[PDB]
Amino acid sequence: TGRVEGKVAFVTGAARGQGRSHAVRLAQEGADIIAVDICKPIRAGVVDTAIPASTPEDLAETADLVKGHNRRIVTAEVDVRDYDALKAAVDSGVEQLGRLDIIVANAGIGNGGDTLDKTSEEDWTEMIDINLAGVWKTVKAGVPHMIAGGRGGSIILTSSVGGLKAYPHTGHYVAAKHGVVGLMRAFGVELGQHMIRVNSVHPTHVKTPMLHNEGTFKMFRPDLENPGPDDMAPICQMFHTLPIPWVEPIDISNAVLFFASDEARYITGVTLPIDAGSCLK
């Protein structure tokens, strides 16, 4: 039997990166998946962002990978900011798949890059709306289905090392990610009575398009004209106690899997770094 055999997991930001990885790993271990992603640029008139937008095709690819593990998947192209649309998608996914046992609130963005005193209200607001309020909305949408099932469940919120410590030029993201720790604790204290566990994962740098993009390469290596990942690697590695530059999506997925599984049945309220020792520094 797989470690989440017979369960259903709702994963946001599932089009690519960590969210894709979570969908696929959970499916490998026996779960069917409700996979949602915006699949559009975050800001309507704007495609020229450092972090590229995801596409409908990215989400279709996630679906094909999940089906390759002989599991079912319901996909929906929906913005976690649009609560009514998100709730409709989750409602339909639970109709189709029969239950909801696991929530992985993974969807998130980067924007901005100014000091916090020079950050625009537009960048601030978008950041809070997705990375904090969107996580709230994700749990709010899924949890009535988990409660009604009467079997308990497991909720994993994606924070960051930035939910535990700060770094210059990321302050709006740090505020949001710290707020996610509050959501984890608040939901944990309210939902424990239903044998629902709530925990957060805190990745260091992860090899996804959020990290590996031209804008980010240039920010980490302003001394170079056309830096790539190999140029950024030694700078990222300085943040770690283990001598690696970043973790992989599978590393985060393996933590999510642990929390989702019955092997972590009595683990709730925890902030778990998957950070190669960043938080020891």
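When you see a residue number, it is the position in the sequence shown, counting from 1.
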Quiz prompt | Residue range whose averaged C-alpha B-factor is higher in the record, 75-83 or 132-140 | solution = 75-83
Self-check item: 40-48 versus 58-66 - greater average Cα B-factor per the deposited record
Solution: 40-48
Quiz prompt | Most elevated Cα B-factor in the entry, residues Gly162, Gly192, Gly153, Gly113 | solution = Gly113
Exercise. Would you mind checking where the Cα B-factor of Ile235 ranks among the modelled residues of its chain, as the lowest, middle or highest third?
Key: highest
Quiz prompt | Assigned third (lowest, middle, highest) for the C-alpha B factor of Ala148 | solution = middle
Exercise. Sort the modelled residues of this chain by their C-alpha B factor and say whether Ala105 lands in the lowest, middle or highest third.
Key: lowest
Exercise. Comparing against every modelled residue in the chain, figure out the third that the C-alpha B-factor of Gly182 lands in (lowest, middle or highest).
Key: lowest
Practice problem: Could you tell me which third, lowest, middle or highest, the C-alpha B-factor of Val90 occupies within its chain? | Solution: middle
